[PDB]
Structure formats: C-alpha cells, structure tokens
C-alpha cells in the first residue's frame, strides 16, 4: 500500500473547502507529481462520497493526451489522495487573468484540444459538467490538461439525461437552471463560456448575486465585440444557444457539429489528438520545483498537517502500473 510518507511535500498549488493540492516528490523515483489531498470528514459531511468514487473511477478508466493521468489513488484513515502527473504550465485562469484576452488563433488552439477531450469523454458515455478556466491546465509543452472529474456522470449515451443540479454557477447551462433533466450538451455550453472568455476577455454573464446571474444565463442575450470575427461570433452564438436542441454540438453527431464549424476550418482533427498542433505559448519552467505559473496566494503558504477502523472508501484505491 502507498502512504503519505512515500512523498516529499514541497509547495501548495491549490486550497479550498474539500482539501488541497500540493506539488510532491516521490521519494523512490525522485519524480514530481500533483497530489490532491481530500478530507474524508468533509466529503462525508457534505454527502459527496459518490462524486469522489466517480472521480477515481473516471481517472482510472480514461487515457487521452488532454486529460490528466492518475498515478496513484490511495487513502489514510481520514484522507483521500490522488497522485497525478504534474502540469507545470498552470491554469488557463492564471494565464487569461494575466493577459486579459487571447487572440482568436490562440483560443482556437485551446478550444480544439478541449473539443478533442470532450469528444473522447462523450464517446465513452461520460459527461464532464464542469468545463471552466480553473479546471483547464497546461502541461510543460503548453498542451491542455483537463483536471477535476468530481462532477462527472457515467453511463450517459445518446440522449440519456441527468438530474443533479451541479457545476459552477457562472458556467451553468440554461436548461440546468430549469426543472427536470438535461443532456450532455451542457458540456458544449461550457466550452462556449470558456471560448467566450478567451476571446472576449470576460464571462458572457456575470453578477455576484446568483439570483441575478441565473436570470442573465436564462434571459439575457449575449454580446460580442464589434471586431470579433464573423466565424468566432457564429461559434460562440452556436455554443451559447440557450436551447440545447438548437445548440452547436447538441445534435446526434455531438462533437462532429463543433469540429465541422467554420471557426475550426483550419484544423485537422486527427493532428489535434496526435499533439501535432504547435502550442502558441510554451511554459518557461527552469526546474521541476518551479511554480511560477501558480498564484503566490497558494505557493507562498507553509505546508502543514491537520490535527483531528472501517472508515475505508471502497472502490477508490489504484495504481497505474498494476492496472
């Protein structure tokens, strides 16, 4: 069994209510990884055990260039640990906040790699349901890596629906803000919101009051900068169609509709999956312990441990080499 003391704990990359993510070094190999450490006490209290099991199961059963890879899933008496390959390039949220806006060419690169990832998950009957800038990381080469599969739903084939009110408030599709069920097209709405942010430098709808936010998502008409290209306006308008039936990617062919849109005219999609598209930005990391593309808010904090049977989480533990 793998344990806490098999790793050195170097720098805090993320922190929140569920737990934290730390850059670690595996003592045996000397190799670096990102370890998401979640408190079982919190997961049980919030009644989110099913989501933690789903995340591990999706990570175990997925392999794609633009999805994060699980090395070890292990647990202690009160903690759940995901050991994952370290994306040194940081979040897309970090980079877009720094640069304010991307060019249409750079957004097209990131958009294509996300579409490739979403086609993969959808062909595997998985709906991701949490596309956003914080969940999109960059690897050392500058390629996209989707992280955090906690809100995934499995077994969702052509036209199957979901009931859980979940996601992130700012990225919720209009149909999720209505009663009853919704389809896998919510992922293409999410793609639309991130694409909108990359090219327009803001969320298409924002208010800190969720009441006002959800009214904007349901009722408000999106706007575009005058100088945005016609194909970019058409793509965003297609992805952000409030009716999922009339949304780009909402038809039976799914990602095909999005891939065949005139905005991606210049893209060969077999080259996308083959990592043959040239990244417009290459992370300037000097070492492996270099965390320049993460917030000082987190990386400046001193690493510490928390002072607090069959408290086991079944169907969680895993090794990439054993399976």
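Residue numbers count along the first chain shown, from 1. Just so we're on the same page, rigid core means the largest C-alpha set that superposes within 1.5 Å between forms.
In a rigid core superposition of the other structures in 8 other deposited structures of this protein, 178-186 and 91-99 differ in how far their CA atoms stray, and the farther one is 178-186. Once the structures in 8 other deposited structures of this protein are superposed via the core, the pair 216-224 and 200-208 is resolved in favour of 200-208 as the more displaced stretch (C-alpha RMS). Modelled in this chain, residue 29 is likewise built in all the other compared entries whose models extend past it on both sides, so a third of them omitting it does not occur.
Residue-level annotation: residue 252 has coordinates in all of the other entries compared, counting only those that model residues on either side of it, so it never reaches the one-third mark.
Coordinates are lacking for 10 or more deposited residues between residue 308 and residue 309. The deposited model assigns a higher average Cα B-factor to 296-304 than to the other stretch when 296-304 and 15-23 are compared. For the pair 69-77 and 242-250, the record assigns the higher mean C-alpha temperature factor to 69-77.
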